[PDB]
Amino acid sequence: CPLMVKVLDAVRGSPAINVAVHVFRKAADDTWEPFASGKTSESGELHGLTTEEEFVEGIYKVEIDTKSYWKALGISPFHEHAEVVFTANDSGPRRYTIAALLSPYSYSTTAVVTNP
Amino acid sequence: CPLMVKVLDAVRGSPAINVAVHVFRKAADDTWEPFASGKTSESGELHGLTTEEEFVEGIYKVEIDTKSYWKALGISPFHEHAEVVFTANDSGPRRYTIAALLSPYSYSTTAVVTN
Amino acid sequence: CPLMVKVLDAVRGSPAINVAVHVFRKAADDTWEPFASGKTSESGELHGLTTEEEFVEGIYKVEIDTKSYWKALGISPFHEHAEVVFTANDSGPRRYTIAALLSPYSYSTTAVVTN
Amino acid sequence: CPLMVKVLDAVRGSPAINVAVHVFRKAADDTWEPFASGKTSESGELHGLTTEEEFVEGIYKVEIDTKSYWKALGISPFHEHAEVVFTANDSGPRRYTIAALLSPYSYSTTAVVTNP
Ligand SMILES: O=C(O)[C@H]1O[C@@H](Oc2ccc3c(=O)c(-c4ccc(O)cc4)coc3c2)[C@H](O)[C@@H](O)[C@@H]1O
Ligand SMILES: O=C(O)[C@H]1O[C@@H](Oc2ccc3c(=O)c(-c4ccc(O)cc4)coc3c2)[C@H](O)[C@@H](O)[C@@H]1O
């Protein structure tokens, strides 16, 4: 699994469940091409977005749809989404975890990058 | 100042100085139109981006060029930039402060919306 | 102000007002002696805790009573308080800003150490 | 496993490996009694601190020894340690994960609390 997303909820002290995630790749024409999408599980994790073969070098944008998440819980949050934009695999294949911690007016994100 | 940006460096425990910031507004055709830009000051702040008259309700994107900041310190960072995307509301007089805390593989952003 | 505390609320996107803050210094016998205290202002800030003369090198603990803050908003929070424990250095003129960002089950704290 | 600690490094984009963790419980006399300790693994995780039987209701302090961690990497950090103080199990037994994200002048911590 070369690209995984994990999301926690700082209001409830829980995984952030059923958070939509859309991944885009920058195309040769400098537009954002849809690449993969999914939703976090009961554990707040989203696995299976892509494969090592498909996850080539490029600039990727991971959009975490935080507004849609908070609105269901009856919170009107600040952000439209949390965006994570990064160059991937430019020194060979790596495994990436994007971790995010959500509050209605704040989010914190990091990356864990490992060499398989 | 209806819109202020503040950037901190979590490695050095300092303001993040001379960081480029670009602000865009979402146009009717779902593209991002340039709206305002600047560089953070010695205090890590960027004031005077816009005015109450120009800053109408809409979706805005604040792009903070964190990659250039880290590279200038000899650090290969993770992100291309930090992006903060939000709808401005009237409603909630008035002032938006977008704060960002930067690490090489991390950032956190918070909005302080006050009167 | 060699020592300032700033507290933000990540649920409301606001300063955290009327938050009690206690500062302690580590005594020679490894106990924490009261040093300074106050409540955050309407801007979420607490100034005037100490003076350059009194704030010597040493280990300090800043205790932020986050539990009372959340309970007053009807929220059962996780932490008893937020604690920030650090050595003050001379060296690095001079000013310490301890910032804290509060959520019910989370907090983040950052130090801005400037001249 | 009713008490687990997970720690990430925001400078290196990795788990925070070999971070010492000391847990204390507030005693009847309002002093902090040593309760459990250990170090994070290669995955940044610390399991096996306590048992459900031993982890009774109380106020617990989890001290994450961040200074000792950064100094080895030749960084002189700001904090002595990151402290997490919380009441546990006061509505029955729960499982607690304390997650922390470390930078030299900043740390971010949350709790994931689940009901077994
Ligand atoms: O490897 C393992 O065995 C386990 O590692 C965990 O991964 C982690 C580790 C740390 C964090 C974390 O620390 C935060 C976080 C905290 C504070 C912030 O400000 C931002 C993010 C988010 O999720 C995480 C997720 C993950 O939950 C499991 O799937 C995996 O099996
Ligand atoms: O006195 C000044 O000139 C100005 O200081 C600013 O204070 C601060 C100081 C520190 C932070 C900070 O550090 C964070 C933050 C962000 C992400 C985190 O994960 C943790 C903290 C948020 O905004 C801040 C805001 C404040 O916004 C202004 O009102 C004030 O006039």
# chains A, B, ... in the order shown; residues from 1 in each chain; ligands from 1
>>> select_by_dssp(residues="range 5-114 of chain A", states="helix (DSSP H, G or I)", output="list in words")
residues 66, 67, 68, 69, 70, 71 and 72 of chain A
>>> write_last_selection(atoms="N, CA and C atoms", output="JSON list (two decimals), in the first residue's frame")
[["chain", "number", "residue", "atom", "x", "y", "z"],
["A", 66, "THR", "N", -13.18, 17.78, 4.62],
["A", 66, "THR", "CA", -13.45, 18.05, 6.01],
["A", 66, "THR", "C", -14.79, 18.79, 6.19],
["A", 67, "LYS", "N", -15.19, 19.66, 5.26],
["A", 67, "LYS", "CA", -16.45, 20.38, 5.42],
["A", 67, "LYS", "C", -17.61, 19.42, 5.43],
["A", 68, "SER", "N", -17.61, 18.49, 4.49],
["A", 68, "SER", "CA", -18.70, 17.51, 4.41],
["A", 68, "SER", "C", -18.70, 16.67, 5.66],
["A", 69, "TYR", "N", -17.53, 16.36, 6.22],
["A", 69, "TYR", "CA", -17.49, 15.63, 7.48],
["A", 69, "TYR", "C", -18.11, 16.36, 8.67],
["A", 70, "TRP", "N", -17.74, 17.61, 8.91],
["A", 70, "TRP", "CA", -18.24, 18.37, 10.05],
["A", 70, "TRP", "C", -19.72, 18.72, 9.93],
["A", 71, "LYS", "N", -20.17, 18.99, 8.71],
["A", 71, "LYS", "CA", -21.56, 19.45, 8.55],
["A", 71, "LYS", "C", -22.57, 18.37, 9.02],
["A", 72, "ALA", "N", -22.24, 17.10, 8.79],
["A", 72, "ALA", "CA", -23.06, 15.97, 9.23],
["A", 72, "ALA", "C", -23.19, 15.90, 10.74]]
>>> closest_atom_pairs(of="chain B", to="ligand 1", cutoff="12 Å", atoms="only C-alpha atoms and all ligand atoms", output="JSON lines")
{"residue": "B:101", "atom": "CA", "partner": "ligand 1", "partner_atom_place_in_ligand_line": "19 (O)", "distance": 10.5}
{"residue": "B:102", "atom": "CA", "partner": "ligand 1", "partner_atom_place_in_ligand_line": "19 (O)", "distance": 11.4}
{"residue": "B:103", "atom": "CA", "partner": "ligand 1", "partner_atom_place_in_ligand_line": "19 (O)", "distance": 11.1}
{"residue": "B:105", "atom": "CA", "partner": "ligand 1", "partner_atom_place_in_ligand_line": "20 (C)", "distance": 10.8}
{"residue": "B:106", "atom": "CA", "partner": "ligand 1", "partner_atom_place_in_ligand_line": "20 (C)", "distance": 8.1}
{"residue": "B:107", "atom": "CA", "partner": "ligand 1", "partner_atom_place_in_ligand_line": "19 (O)", "distance": 8.2}
{"residue": "B:108", "atom": "CA", "partner": "ligand 1", "partner_atom_place_in_ligand_line": "19 (O)", "distance": 7.0}
{"residue": "B:109", "atom": "CA", "partner": "ligand 1", "partner_atom_place_in_ligand_line": "19 (O)", "distance": 10.0}
{"residue": "B:110", "atom": "CA", "partner": "ligand 1", "partner_atom_place_in_ligand_line": "19 (O)", "distance": 11.7}
>>> write_last_selection(atoms="C-alpha atoms", output="PDB file, in the first residue's frame")
ATOM      1  CA  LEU B 101       2.724  26.411  11.850  1.00  0.00           C
ATOM      2  CA  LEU B 102       5.372  24.872   9.636  1.00  0.00           C
ATOM      3  CA  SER B 103       7.587  21.801   9.981  1.00  0.00           C
ATOM      4  CA  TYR B 105       6.907  17.168   6.932  1.00  0.00           C
ATOM      5  CA  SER B 106       3.960  18.822   8.631  1.00  0.00           C
ATOM      6  CA  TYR B 107       1.838  21.875   8.891  1.00  0.00           C
ATOM      7  CA  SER B 108      -1.071  22.948  10.966  1.00  0.00           C
ATOM      8  CA  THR B 109      -3.413  25.805  10.192  1.00  0.00           C
ATOM      9  CA  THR B 110      -5.996  27.555  12.268  1.00  0.00           C
TER      10      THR B 110
END
>>> calpha_fit_and_write(fixed="chain C", moving="chain B", output="CSV table (one decimal) with C-alpha atoms, in the first residue's frame")
chain,number,residue,atom,x,y,z
B,1,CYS,CA,7.3,40.9,28.7
B,2,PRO,CA,9.9,38.2,28.7
B,3,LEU,CA,7.0,35.6,28.9
B,4,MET,CA,3.6,35.8,27.1
B,5,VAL,CA,0.9,33.1,26.7
B,6,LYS,CA,-1.6,33.0,23.9
B,7,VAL,CA,-4.5,30.5,23.8
B,8,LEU,CA,-6.8,29.8,20.8
B,9,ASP,CA,-9.9,27.7,20.5
B,10,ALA,CA,-9.9,25.4,17.5
B,11,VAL,CA,-13.6,24.5,17.8
B,12,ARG,CA,-14.9,28.1,17.7
B,13,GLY,CA,-12.0,29.7,15.8
B,14,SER,CA,-11.6,32.3,18.5
B,15,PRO,CA,-9.3,33.4,21.2
B,16,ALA,CA,-9.7,31.4,24.3
B,17,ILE,CA,-10.8,33.9,26.8
B,18,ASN,CA,-10.7,33.8,30.6
B,19,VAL,CA,-8.5,30.7,30.7
B,20,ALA,CA,-6.5,30.4,33.9
B,21,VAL,CA,-2.8,30.0,33.5
B,22,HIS,CA,-0.3,29.1,36.3
B,23,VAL,CA,3.4,29.4,35.9
B,24,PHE,CA,5.8,27.4,38.2
B,25,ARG,CA,9.6,27.3,38.6
B,26,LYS,CA,11.4,24.1,39.5
B,27,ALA,CA,13.0,24.5,42.9
B,28,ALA,CA,16.3,22.9,43.9
B,29,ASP,CA,14.4,20.0,45.5
B,30,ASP,CA,12.6,19.1,42.3
B,31,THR,CA,9.3,20.6,43.4
B,32,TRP,CA,7.3,23.2,41.5
B,33,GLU,CA,7.1,26.6,43.2
B,34,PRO,CA,4.4,29.0,42.1
B,35,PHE,CA,5.9,31.8,40.0
B,36,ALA,CA,3.2,33.8,38.2
B,37,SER,CA,-0.5,33.4,37.1
B,38,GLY,CA,-3.3,35.1,35.3
B,39,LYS,CA,-6.3,34.7,33.1
B,40,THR,CA,-6.2,35.2,29.3
B,41,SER,CA,-7.8,38.4,28.0
B,42,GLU,CA,-10.4,39.0,25.4
B,43,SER,CA,-7.7,38.5,22.8
B,44,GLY,CA,-6.7,35.1,24.4
B,45,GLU,CA,-3.5,36.6,25.6
B,46,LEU,CA,-1.8,36.9,29.0
B,47,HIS,CA,0.8,39.6,29.4
B,48,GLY,CA,2.7,40.9,32.4
B,49,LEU,CA,3.4,37.5,34.0
B,50,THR,CA,6.9,38.4,35.0
B,51,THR,CA,9.8,40.8,34.4
B,52,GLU,CA,13.2,40.5,32.9
B,53,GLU,CA,14.8,40.7,36.4
B,54,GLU,CA,12.8,37.8,37.9
B,55,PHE,CA,12.7,35.5,34.9
B,56,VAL,CA,16.1,33.9,35.3
B,57,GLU,CA,17.4,30.7,33.7
B,58,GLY,CA,15.6,27.7,35.1
B,59,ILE,CA,13.0,25.1,34.3
B,60,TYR,CA,9.4,26.5,34.2
B,61,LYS,CA,6.0,24.9,33.8
B,62,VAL,CA,3.1,26.7,32.3
B,63,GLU,CA,-0.2,25.1,33.2
B,64,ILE,CA,-3.2,26.1,31.2
B,65,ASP,CA,-6.6,25.1,32.8
B,66,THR,CA,-8.2,23.8,29.7
B,67,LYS,CA,-10.6,21.5,31.6
B,68,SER,CA,-12.5,24.5,33.2
B,69,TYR,CA,-12.6,26.2,29.8
B,70,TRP,CA,-14.3,23.3,28.1
B,71,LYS,CA,-16.6,22.5,30.9
B,72,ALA,CA,-17.9,26.1,30.9
B,73,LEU,CA,-18.9,25.4,27.2
B,74,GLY,CA,-20.7,22.2,28.1
B,75,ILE,CA,-18.0,20.0,26.7
B,76,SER,CA,-16.4,17.1,28.6
B,77,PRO,CA,-12.8,17.4,27.6
B,78,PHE,CA,-10.0,14.8,27.7
B,79,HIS,CA,-7.2,16.7,29.5
B,80,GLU,CA,-7.0,17.9,33.0
B,81,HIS,CA,-4.9,20.8,31.8
B,82,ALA,CA,-2.3,21.5,29.2
B,83,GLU,CA,1.3,21.7,30.5
B,84,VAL,CA,4.2,23.3,28.9
B,85,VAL,CA,7.6,22.5,30.5
B,86,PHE,CA,10.8,24.2,29.3
B,87,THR,CA,14.2,25.6,30.3
B,88,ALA,CA,14.5,29.3,29.9
B,89,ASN,CA,17.9,30.2,28.2
B,90,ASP,CA,19.8,33.5,28.0
B,91,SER,CA,21.7,33.4,25.6
B,92,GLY,CA,19.0,32.5,22.6
B,93,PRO,CA,17.9,38.9,24.2
B,94,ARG,CA,14.9,37.2,24.8
B,95,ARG,CA,11.1,37.0,24.6
B,96,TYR,CA,9.2,33.8,25.1
B,97,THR,CA,5.7,33.4,23.6
B,98,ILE,CA,4.0,30.2,24.5
B,99,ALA,CA,1.0,29.6,22.2
B,100,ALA,CA,-1.6,26.9,22.7
B,101,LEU,CA,-4.4,25.7,20.4
B,102,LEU,CA,-7.1,23.9,22.2
B,103,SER,CA,-9.6,21.2,21.1
B,104,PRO,CA,-11.6,19.0,23.4
B,105,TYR,CA,-9.4,15.9,22.9
B,106,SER,CA,-6.3,17.7,21.7
B,107,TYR,CA,-3.9,20.5,22.1
B,108,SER,CA,-0.9,21.8,20.3
B,109,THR,CA,1.7,24.1,21.8
B,110,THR,CA,4.4,26.1,20.2
B,111,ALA,CA,7.2,28.4,21.4
B,112,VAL,CA,8.2,31.5,19.6
B,113,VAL,CA,11.5,32.8,21.0
B,114,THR,CA,12.4,36.2,19.6
B,115,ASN,CA,14.4,39.3,20.0
>>> closest_atom_pairs(of="chain D", to="ligand 2", cutoff="8 Å", atoms="only C-alpha atoms and all ligand atoms", output="CSV")
residue,atom,partner,partner_atom_place_in_ligand_line,distance
D:106,CA,ligand 2,20 (C),7.8
D:107,CA,ligand 2,19 (O),7.7
D:108,CA,ligand 2,19 (O),6.4
>>> write_last_selection(atoms="N, CA, C and O atoms", output="short mmCIF file (atom, residue, chain, number, x, y, z; two decimals), in the first residue's frame")
data_model
loop_
_atom_site.label_atom_id
_atom_site.label_comp_id
_atom_site.auth_asym_id
_atom_site.auth_seq_id
_atom_site.Cartn_x
_atom_site.Cartn_y
_atom_site.Cartn_z
N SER D 106 7.64 22.68 19.05
CA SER D 106 6.20 22.50 19.02
C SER D 106 5.85 21.05 19.17
O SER D 106 6.56 20.18 18.66
N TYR D 107 4.77 20.76 19.87
CA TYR D 107 4.19 19.44 19.74
C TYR D 107 2.69 19.53 19.79
O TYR D 107 2.08 20.48 20.29
N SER D 108 2.09 18.55 19.12
CA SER D 108 0.64 18.40 19.01
C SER D 108 0.23 17.02 19.49
O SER D 108 0.81 16.04 19.06
#
>>> residues_around(residues="range 28-38 of chain A", least_positions_apart="6", cutoff="9 Å", atoms="only C-alpha atoms", output="ChimeraX atom specification")
/A:18-22,46-50,60-61
>>> write_last_selection(atoms="C-alpha atoms", output="PDB file, in the first residue's frame")
ATOM      1  CA  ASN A  18     -16.481   8.188   6.515  1.00  0.00           C
ATOM      2  CA  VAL A  19     -14.347  11.119   5.494  1.00  0.00           C
ATOM      3  CA  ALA A  20     -14.223  11.465   1.723  1.00  0.00           C
ATOM      4  CA  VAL A  21     -10.771  11.736   0.192  1.00  0.00           C
ATOM      5  CA  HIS A  22      -9.984  12.672  -3.408  1.00  0.00           C
ATOM      6  CA  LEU A  46      -8.205   4.730   3.895  1.00  0.00           C
ATOM      7  CA  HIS A  47      -6.266   1.924   2.210  1.00  0.00           C
ATOM      8  CA  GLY A  48      -6.231   0.706  -1.361  1.00  0.00           C
ATOM      9  CA  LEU A  49      -6.179   4.009  -3.177  1.00  0.00           C
ATOM     10  CA  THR A  50      -3.517   2.957  -5.669  1.00  0.00           C
ATOM     11  CA  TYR A  60      -0.113  14.720  -6.053  1.00  0.00           C
ATOM     12  CA  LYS A  61      -2.930  16.549  -4.259  1.00  0.00           C
TER      13      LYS A  61
END
>>> decode(residues="range 45-59 of chain B", atoms="N, CA, C and O atoms", output="short mmCIF file (atom, residue, chain, number, x, y, z; two decimals), in the first residue's frame")
data_model
loop_
_atom_site.label_atom_id
_atom_site.label_comp_id
_atom_site.auth_asym_id
_atom_site.auth_seq_id
_atom_site.Cartn_x
_atom_site.Cartn_y
_atom_site.Cartn_z
N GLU B 45 4.19 37.94 9.80
CA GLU B 45 2.86 38.36 9.45
C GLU B 45 2.76 39.03 8.09
O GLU B 45 3.71 39.63 7.55
N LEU B 46 1.58 38.91 7.51
CA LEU B 46 1.29 39.57 6.25
C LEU B 46 -0.03 40.27 6.40
O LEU B 46 -1.08 39.62 6.57
N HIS B 47 0.05 41.60 6.39
CA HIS B 47 -1.08 42.50 6.53
C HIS B 47 -1.35 43.18 5.20
O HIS B 47 -0.53 43.12 4.27
N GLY B 48 -2.50 43.82 5.11
CA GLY B 48 -2.81 44.67 3.97
C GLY B 48 -3.09 43.93 2.68
O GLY B 48 -3.00 44.50 1.59
N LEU B 49 -3.43 42.66 2.78
CA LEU B 49 -3.77 41.88 1.59
C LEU B 49 -4.97 42.40 0.82
O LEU B 49 -4.99 42.35 -0.41
N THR B 50 -5.98 42.85 1.54
CA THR B 50 -7.21 43.26 0.91
C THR B 50 -7.93 44.29 1.79
O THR B 50 -7.41 44.71 2.82
N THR B 51 -9.11 44.72 1.36
CA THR B 51 -9.88 45.72 2.07
C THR B 51 -11.26 45.17 2.31
O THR B 51 -11.67 44.22 1.66
N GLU B 52 -11.99 45.76 3.24
CA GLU B 52 -13.35 45.32 3.50
C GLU B 52 -14.21 45.38 2.25
O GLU B 52 -14.97 44.46 2.00
N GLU B 53 -14.06 46.43 1.45
CA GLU B 53 -14.83 46.55 0.21
C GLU B 53 -14.61 45.40 -0.76
O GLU B 53 -15.54 44.92 -1.39
N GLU B 54 -13.36 44.97 -0.93
CA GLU B 54 -13.05 43.96 -1.95
C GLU B 54 -13.32 42.53 -1.46
O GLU B 54 -13.58 41.63 -2.24
N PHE B 55 -13.23 42.34 -0.15
CA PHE B 55 -13.27 41.00 0.40
C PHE B 55 -14.72 40.57 0.63
O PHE B 55 -15.19 40.49 1.79
N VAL B 56 -15.40 40.24 -0.45
CA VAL B 56 -16.80 39.83 -0.37
C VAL B 56 -16.96 38.34 -0.07
O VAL B 56 -15.98 37.59 -0.10
N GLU B 57 -18.18 37.90 0.18
CA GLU B 57 -18.39 36.48 0.44
C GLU B 57 -18.00 35.69 -0.80
O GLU B 57 -18.18 36.12 -1.94
N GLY B 58 -17.40 34.53 -0.60
CA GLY B 58 -16.83 33.76 -1.70
C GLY B 58 -15.91 32.69 -1.13
O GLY B 58 -15.73 32.66 0.08
N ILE B 59 -15.42 31.82 -1.99
CA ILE B 59 -14.42 30.81 -1.59
C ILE B 59 -13.05 31.33 -1.97
O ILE B 59 -12.81 31.76 -3.09
#
